[PDB]
Amino acid sequence: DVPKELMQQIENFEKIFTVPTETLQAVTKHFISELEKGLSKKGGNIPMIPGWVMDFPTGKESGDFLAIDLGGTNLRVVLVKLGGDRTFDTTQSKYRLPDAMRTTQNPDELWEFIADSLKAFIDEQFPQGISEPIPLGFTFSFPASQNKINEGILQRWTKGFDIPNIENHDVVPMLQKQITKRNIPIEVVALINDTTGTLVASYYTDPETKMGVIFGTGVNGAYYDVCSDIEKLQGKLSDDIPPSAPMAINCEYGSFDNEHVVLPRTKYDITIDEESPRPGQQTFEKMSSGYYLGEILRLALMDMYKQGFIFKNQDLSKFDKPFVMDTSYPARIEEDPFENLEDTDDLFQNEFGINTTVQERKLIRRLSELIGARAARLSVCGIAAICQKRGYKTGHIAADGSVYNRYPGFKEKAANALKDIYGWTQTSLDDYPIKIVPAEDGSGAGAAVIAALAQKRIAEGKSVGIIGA
């Protein structure tokens, strides 16, 4: 179809958004230095946080463990029954978080709500009551600091929360105090980030697990390093931790390349960064998360409109507004099945009142493929850098997040990007030596499995954090 003028614009967009193999290998190479710098005494833009998990699950842990996940809307409560055979059973209940609870002015209140919901859960699940205490792990996916598995210092509220006297305090005793007040025999023994549970719960059912990874609104990965290779813990680990012990690391690598030395940032990426809540931060997350792809698309289209190629004589009042297109716009455009791109045509007409021609839809579609492919390719550089740092030649990468699970074609493109990085020659994704597979649940199962490892150490008197606490 496409006229010559549009065809030249599509070829300019191919040059802006294509990230060839050599760029991927240079990004990856710089990413491995940054991982190592984050583990050093001096530190770096990647935090590389010790997760205080110092054991690999054997797959034979068994018994009843609880996990709670404090989310945006709901408090989720999970009873996890470890089978002792690399399998587990879960039972969950969701307790919607009152509108007014997120912003209470009584700091005890939230902990009372969590303990009351625990009480109702336990009532349904253990009708004859419970005699010996059940270990609990708390997925607290707000910005926090820890020096041992069973503390959690809030650094700053997020997602609308705004409760006084909690920032800079340990939240574990606040929750434990309300549990003990109601006489529930539950012990809080672990506080984790959901990415570090993703790793640990997938390892329990699949011992080829080399990493846990999230491809969602936020991006993150966790893996096991080795305590002798972590310079910043030198002299902070008591003698009951062997030098070769494993140490789970929560990278928090969304800040990779805040120095702007390797990522292929375009004019559109600079504009996204400048219009965001925090310009200069979360650089790798802005370059690789699915959350920005409709806004990238939007800006490229606004450029074409302005330069007189498309949307001639249309009213753009509804379209010309930042973040009017979320991730599901490009996703739907990529899924449009037929050649004349009828779903895309309905979308632009119904949402924005814009009538397009077929040729305009082929440029929109081709733009949406280029942008979803770039985000998939860049998002695996952190996987490759960890496997190359640690020398994993084979293994499974446990993945989760809404982009990984739902964005069209993200899984094939992420796998093929690994292939390019490594120069593999196999031709089916199933024979690749490093495979991306569906993760187990990190918020639920993962916190419970971590609670099972911490409680065994605590019981034996072994260290669960640095000398001091």
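First residue shown is number 1, and so on along the chain.
Even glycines carry a Cβ here, placed using N, Cα and C.
Site annotation (Swiss-Prot, ligand substrate) includes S141, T158, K159, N193, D194, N220, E252; from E61, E285, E295, the additional listed residue is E285. For the residues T21, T196, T327, Swiss-Prot attaches the annotation phosphothreonine to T21, which does not rule out the feature elsewhere. Per Swiss-Prot, the annotated phosphoserine among residues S228, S328, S368, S402 corresponds to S228. Of all the recorded positions listed (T21, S141, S255, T327), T21 has the fewest other CB atoms within 10 A of its CB. Of the listed binding-site residues, namely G72, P330, the sparsest Cβ surroundings within 10 Å are found at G72. The Cβ of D69 (ATP binding site) has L75, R76, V78, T139, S141, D194, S443, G444, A447 as same-chain neighbours under 8 Å, each 6 or more residues away in sequence. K159 (substrate binding site) and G72 (ATP binding site) are 7 Å apart (CA-CA, integer value). Look at the region 'Hexokinase small subdomain' (58-192): DSSP puts its residues at 28 helix, 47 strand, 60 coil.
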